[PDB]
Amino acid sequence: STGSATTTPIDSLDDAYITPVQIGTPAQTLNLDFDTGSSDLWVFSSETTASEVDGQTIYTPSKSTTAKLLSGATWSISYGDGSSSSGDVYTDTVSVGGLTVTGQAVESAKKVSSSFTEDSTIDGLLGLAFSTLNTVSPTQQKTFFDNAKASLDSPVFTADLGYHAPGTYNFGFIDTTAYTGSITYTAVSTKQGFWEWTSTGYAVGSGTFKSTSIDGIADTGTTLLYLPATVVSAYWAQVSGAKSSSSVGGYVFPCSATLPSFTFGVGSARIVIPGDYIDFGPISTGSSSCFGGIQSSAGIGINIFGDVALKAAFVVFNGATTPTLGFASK
């Protein structure tokens, strides 16, 4: 089997991407944030504290003839950005782009943090990291991909995120029309539960390539590109007036600037992030200070190849017995 679904930016900055997901019988369609940096499929629901729901579409398990309470199971997750959610668990039928999993754990939120409430466009998350990170207790549950894997034509999914435009998540096949040149594959460590890999270096604009190993995670659920402070300083030093602002929480730059591109290495291959992908716009409405899309990972504890990086590539998440990651230009 295969599946193919369009993923759409939630706003004009590509702050996140939502993908429609069918849950239950009859289908209830929720728009979920596909997150290769976590492993829980959780939704706003009829159980979510009413004051914490503000415009989201909810899953109502009592209206699904295939929903079953997973008795005694609870979940609770905290994300790198400080947001969180928790609740109980149902199993139900879940379909993405025509690919159906029966008995998928659907984690129903009883509580969500303010950041989730305040984002009316995201109805929940669909985790695509390794199932070892799933938070369900006392019986850990599998991700949608893990459940689908054996049935797929090939044990892969691909992320093709758009810049200020829709893109595609495919399951079970590689669309050879969706990228240019060849796909370069690189090793993955699953030791921390992430799609963790090592970039071979970077360049700023038309500058020379610096060969250096940068361990990090391919994370569709993180907006920005978080890299070591040395790398980030080298980038922003090429933008007149750019500075790290403790009050704003990262590098800012004059909105009048033209940003240089940023290149990262995948083996001997190179992915180029155009400068415009690194512009996250005014820090507040009407400001002439703009927020940068490349930020320091110092104090996160891990480098994160978030959407800024991934949207410059066609990305293969290869879930074969030994997982790997593939990157192509597009």
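Counting starts with 1 at the first residue shown.
Backbone N, Cα and C atoms are what each Cβ position is placed from, and that goes for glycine too.
The feature domain 'Peptidase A1' is assigned by Swiss-Prot to 17-328.
What Swiss-Prot records for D35 (among others) is active site. Under the three-state DSSP scheme, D35 (active site) falls in the strand class.
Cβ neighbour count for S199 (active site): 22 (other Cβ atoms within 10 Å of its Cβ, all protein chains included). Summarising the annotation, Swiss-Prot assigns active site to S199 (among others).
Its Cβ taken as reference, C255 (disulfide bond) is surrounded by 15 other Cβ atoms within 10 Å in the chains shown. Annotated disulfide bond per Swiss-Prot: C255-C290, in sequence order.
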Count the other Cβ atoms sitting within 10 Å of the Cβ of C290 (disulfide bond), across every protein chain shown.
22
Can you tell me the CA-to-CA distance separating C290 (disulfide bond) and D35 (active site), as a whole number of Å?
26
Specify the count of other C-beta atoms within 10 Å of the C-beta of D35 (active site).
21
